[PDB]
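Peer 1: Opening with a subset of the complex:
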Amino acid sequence: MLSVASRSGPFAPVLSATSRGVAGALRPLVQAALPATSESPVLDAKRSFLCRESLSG
Amino acid sequence: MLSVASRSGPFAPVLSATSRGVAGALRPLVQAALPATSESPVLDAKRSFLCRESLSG
């Protein structure tokens, strides 16, 4: 156990010649949205959702 | 010797209805460029040359 992702934390960019680019980890997980009022700001030549990269059919 | 302008070095800007904008007092003076090589960049949404405002008539 000797990496930087086995201990959750600082980010790691990725980038691909067939799929979209991702910004590292997120956070250990997503607690920040369970209480209300996280509007997820928008209107900035925005980036779409659900990450349609790999399917089954 | 009040009037912080009399104490030589903090700025003040100016703007008018007939003359072009002005900025500040001495931080430097001559003999900073009288030793050679002051390139003085130019034409980046051009600020004026010598700011021609004062005539003798």
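Peer 2: Nice, thanks for sending it over. Numbers count the residues shown, from 1 in each chain, chains lettered A, B, ... in the order given.
Peer 1: Ends of stretch A:13-20, what's the gap?
Peer 2: Taking Cα to Cα, to the nearest Å, the span from the opening residue of stretch A:13-20 to its closing residue is 11 Å.
Peer 1: outside of it, which residues touch it?
Peer 2: If you take Cβ atoms under 8 Å, 6 or more residues apart in numbering or on different chains as the criterion, stretch A:13-20 is touched by A:21-24, A:51, A:53-54. All C-beta spots, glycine's among them, are computed from the backbone N, C-alpha and C.
Peer 1: so how far is it from its chain's centroid?
Peer 2: On the basis of Cα atoms, centre = their mean, to the nearest Å, stretch A:13-20 is displaced by 13 Å from the centre of the chain it belongs to.
Peer 1: on that earlier part again, make JSON lines out of the contacts of stretch A:13-20 and add distance to residue A:11.
Peer 2: As requested, these are exported to JSON lines (distance: Cβ to Cβ, whole Å):
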{"residue": "A:21", "distance to residue A:11": "12"}
{"residue": "A:22", "distance to residue A:11": "10"}
{"residue": "A:23", "distance to residue A:11": "6"}
{"residue": "A:24", "distance to residue A:11": "3"}
{"residue": "A:51", "distance to residue A:11": "17"}
{"residue": "A:53", "distance to residue A:11": "19"}
{"residue": "A:54", "distance to residue A:11": "21"}
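Peer 1: and chain C, same structure:
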Amino acid sequence: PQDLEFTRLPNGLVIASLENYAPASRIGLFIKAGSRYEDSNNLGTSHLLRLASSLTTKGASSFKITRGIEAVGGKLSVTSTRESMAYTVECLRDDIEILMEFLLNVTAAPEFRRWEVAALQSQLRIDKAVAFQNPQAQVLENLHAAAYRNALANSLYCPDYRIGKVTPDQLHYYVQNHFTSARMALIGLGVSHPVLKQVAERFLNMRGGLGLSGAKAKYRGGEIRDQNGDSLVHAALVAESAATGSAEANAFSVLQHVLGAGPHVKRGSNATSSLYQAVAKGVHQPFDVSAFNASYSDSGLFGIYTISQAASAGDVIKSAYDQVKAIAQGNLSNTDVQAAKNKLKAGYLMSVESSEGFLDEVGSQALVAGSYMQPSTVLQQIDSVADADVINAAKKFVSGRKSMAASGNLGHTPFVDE
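Peer 2: Adding chain C to what we have so far:
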């Protein structure tokens, strides 16, 4: 001849009426607003106030103003520092009765119409990009934020996340709290006394009361380094220093003329400065070193300032610090001290020889002191500093906590621990 004529009013106001005999005349108004009175919610309100001196007012429109002045040969200008604003007008001797019915109308009773004010807001980007072509308006805004915590840290330009969003409601309120008749001074240069009061009866009746005035400006030690594209490094170091009008003040003004702070004979190597001579020993490359000072009302700053190449920017700062140390633990003469008394006396007198450097001097010391001292009294202040007051003052700079602020290619510049 009849050099000045003070008078105070019940509410508290200052009017000065010198009388001269030339075919010209100037008028001024001085207010205690500035960029130090705005809190965290309305940053940049006072940069948009000095661009909007020409908009439509209650008693006259914006056609009758930009064109009723210009048919006579006059002007309006607005200048501002970190704590003061000044409105000044001028024309020939026979045409001054009509220009004082425009100036008192701009400041006393303005409006702010929605459609106009929404059009000035591209002028903020244009005005801000012109000033920042001097590499030194930048580095002196990162130096007030690197040393203060609240009031004195705000800049003079609007922050750039904040340009499309200054409303007509933030402006109506800033004016109504800080423009007040115990806060202002009215100066008339080539005019008479019975007529200046005649105008003030219609200037004070409204909005007399003093305003908020808070935020005592506590001191912080933060360092900021910015690396960009410049071919030459600009750097600084300061520590806190004694405030204006005290007795320790003049020991810091005499001190800087010993070190440097300006050339006299153009195109000629300086021989009069401690700083310049001890640096050219050693270093062989183009360079520049100064001294620096400021004397705000509740605190002050004091330090050094450099310009140099990028490959040698550590030698220049280190060398300039050894010389100031030498004076602290005892090294000084009675000839060089005497010469510094002459550079300060002469420079003071020349700056009051024009006619725009004479309003400012009279106008700034009727706000924070309330009286005028003829330059024959002031020459006594400078001369009777003890020596061994210059030694004491330079001892405090060596034993303070310091703010840095560097802006160029920062690969050999030192952090502030050394």
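Peer 1: Chain neighbours aside, what residue packs nearest to residue A:22?
Peer 2: residue A:14 (5.1 Å; Cβ to Cβ, 6 or more residues apart in numbering or on different chains).
Peer 1: gap between stretch A:24-32 and the chain center?
Peer 2: With Cα atoms, centre = their mean as the basis, stretch A:24-32 stands 8 Å off its chain's centre.
Peer 1: err, stretch C:17-36, not the other one
Peer 2: How far stretch C:17-36 lies from its chain's middle: 17 Å, per Cα atoms, centre = their mean.
Peer 1: Hmm, residue C:162 is touching residue C:45, no?
Peer 2: No - here residue C:162 does not reach residue C:45: they are 9.9 Å apart, not a contact under Cβ atoms under 8 Å.
Peer 1: Tell me which of these two has more neighbours.
Peer 2: residue C:45 (21 against 14; other Cβ atoms under 10 Å in any protein chain shown).
Peer 1: isn't the more buried one right next to residue C:171, touching?
Peer 2: Yes - using Cβ under 8 Å, residue C:45 is in contact with residue C:171, at 6.2 Å.
Peer 1: now residue A:32: how far from chain B?
Peer 2: In this view, residue A:32 and chain B are 43 Å apart by Cβ to the nearest Cβ, to the nearest Å.
Peer 1: with the structure above as the base, add chain D:
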Amino acid sequence: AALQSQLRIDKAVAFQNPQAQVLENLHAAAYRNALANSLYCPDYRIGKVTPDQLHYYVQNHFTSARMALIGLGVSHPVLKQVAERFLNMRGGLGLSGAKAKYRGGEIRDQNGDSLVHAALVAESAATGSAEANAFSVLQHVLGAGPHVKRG
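Peer 2: Same chains as before, plus chain D:
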């Protein structure tokens, strides 16, 4: 000369969540030299990357004795053969400087978001030692991350 409008698009996409920004000012505020550099490109620098620096970088650092080849569903001799053609290039390693000494840095950045992000850190243990496991167990005692959905 045409791959230098891509940098702007990539850096504007990656910066739409407010913790790539706050995690770049935290490495600069805490170090001096090695680990202070970002993972993106400074703005003043976008159009000036030049084709000699890429040659220089690759030659110095893509050295044989710093690389590992791992394959998941293939047998041993095939990989050995195909990677034996991969050693003709450069025998031993390029530079490896910059020990990364520590400093205390404060960096605050003000803007128009409606929520404040913050971080307090302190220096601690390197991996490969006996104290890093103690710091990991401390992290899991203190509460890093949720388990139950919407809990």
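Peer 1: Please reconsider the contacts of stretch A:13-20 now that chain D is part of the model.
Peer 2: Residues from elsewhere that reach stretch A:13-20, judged by Cβ under 8 Å, 6+ apart: A:21-24, A:51, A:53-54, D:10, D:14, D:39.
Peer 1: By neighbours, which of those wins?
Peer 2: Within those, residue D:14 tops the neighbour count with 19 neighbours, counted by other Cβ under 10 Å.
Peer 1: Let me see the backbone angles for that residue.
Peer 2: Torsion angles at residue D:14 (phi, psi; degrees, to the nearest 10) stand at phi -60, psi -20.
Peer 1: any idea how far it lies from chain A?
Peer 2: Separation of residue D:14 from chain A (Cβ to the nearest Cβ): 5 Å.
Peer 1: Would you point out which residue of the stretch 251-400 of chain C is nearest chain D?
Peer 2: residue C:314 (14.5 Å; Cβ to the nearest Cβ).
Peer 1: does that residue really touch residue C:412, like I thought?
Peer 2: Yes - proximity of residue C:314 to residue C:412 meets the contact threshold set by Cβ under 8 Å, at 5.4 Å.
Peer 1: Identify the residues contacting residue C:46.
Peer 2: C:33-35, C:37-38, C:80, C:85, C:174.
Peer 1: oh, I was asking about residue C:414
Peer 2: Taking Cβ under 8 Å, 6+ apart, one finds C:314, C:317-318 in contact with residue C:414.
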